[PDB]
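This document opens with one chain alone, in structure tokens, the form deposited in one PDB entry.
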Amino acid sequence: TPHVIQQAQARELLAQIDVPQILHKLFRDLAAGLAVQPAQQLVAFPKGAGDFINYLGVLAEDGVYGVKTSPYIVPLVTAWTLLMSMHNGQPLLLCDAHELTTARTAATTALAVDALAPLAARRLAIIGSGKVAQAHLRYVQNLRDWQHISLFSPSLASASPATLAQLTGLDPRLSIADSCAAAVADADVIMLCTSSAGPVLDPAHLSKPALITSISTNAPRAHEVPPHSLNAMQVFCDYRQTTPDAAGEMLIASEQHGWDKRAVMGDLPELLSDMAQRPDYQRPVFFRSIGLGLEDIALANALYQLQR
């Protein structure tokens, strides 16, 4: 010790672990007070040069705590996790976590879809076409009997047909769309996976009530839906204690639209321990993720056990 895993060895070990299971237990653990999730901490660099966010989690059940540090350098973004023993207080592992973050962000949203979407939903829509979108598809594809998967990204119109093959070769049911409108037609679940700062979708412009997931974070107060729309949705989030205070749309809505965090109907720990209100679909249903360091300390712990 301490072992230093870089990108290569990380991807390798990331392929050998069951992320959804790791996460499912984590949150259950979280709910039970066997895991602690401090708020994230953003620290600005001087001279507009950028920032970094640190993420914590404590996994007492595994006897490890850690920190993930993620700097935005002006447009360079990285992620590095340091895992520490809760027994001898020594470092166990330092791990490049570029890929582990993509995984856990997708898997985390997957657990929301499995718990929140109608059991017999059939239509899926996916906005954004980068790795997080990609990864989103892989972790949600087998969660319901999807009869149609549409994704759409501005770039795709003028896209290399080869790259399209890569996308189309992630699920045979998937077809590339031409608009955001088209993709989310008659959709039951709509997974916003963009880097947008601003709304990529208005919920009250949907044909029918749908589950709407959002993961956008890398922008001051970034949001993927109109902040005012939260007042006409059934709002969920990864974690109730921390995310409402940092999620762009929730901040904007409470400051301007009369929205109150107390409206959040449930979070992952509550849903996955049967202590949250499953929603009707009399109104759209929104789930917000911004990441959570438990997600990051669980993954890095997983790699460490294998490392060992």
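Throughout, rigid core stands for the largest set of C-alpha atoms superposing within 1.5 Å between the two forms. Position 1 is the first residue in the sequence shown; the rest follow in order.
The segment from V74 to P75 is interrupted, since 4 to 9 residues of the deposited sequence in that interval carry no coordinates. Stretches 8-16 and 21-29 differ in mean C-alpha B factor, with the higher average recorded for 8-16. Annotation for 45-53 versus 244-252: the higher mean temperature factor (C-alpha) is found in 45-53. Highest C-alpha temperature factor among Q134, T105, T213, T194, as the PDB entry reports it: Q134. Looking only at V189, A112, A165, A79, the residue with the top Cα B factor in the deposited structure is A165. For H257, the recorded CA temperature factor ranks within the middle third of the chain's modelled residues. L306: CA B factor lies in the highest third for its chain, per the PDB record. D280: CA B factor in the middle third of modelled residues in this chain (values from the PDB entry). Residue-level temperature factors show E224 in the lowest third of its chain, judged at the C-alpha atom.
In the deposited entry, the Cα temperature factor of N142 sits in the top third of values across the chain's modelled residues.
FYI, the form deposited in another entry isn't displayed, but the following is about it.
In this overlay on the rigid core, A32 has a C-alpha that sits less than 2 Å away from its partner position between this form and the one not shown.
For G48, the Cα coordinates differ by 2 angstroms or more between this form and the one not shown after the core has been superposed.
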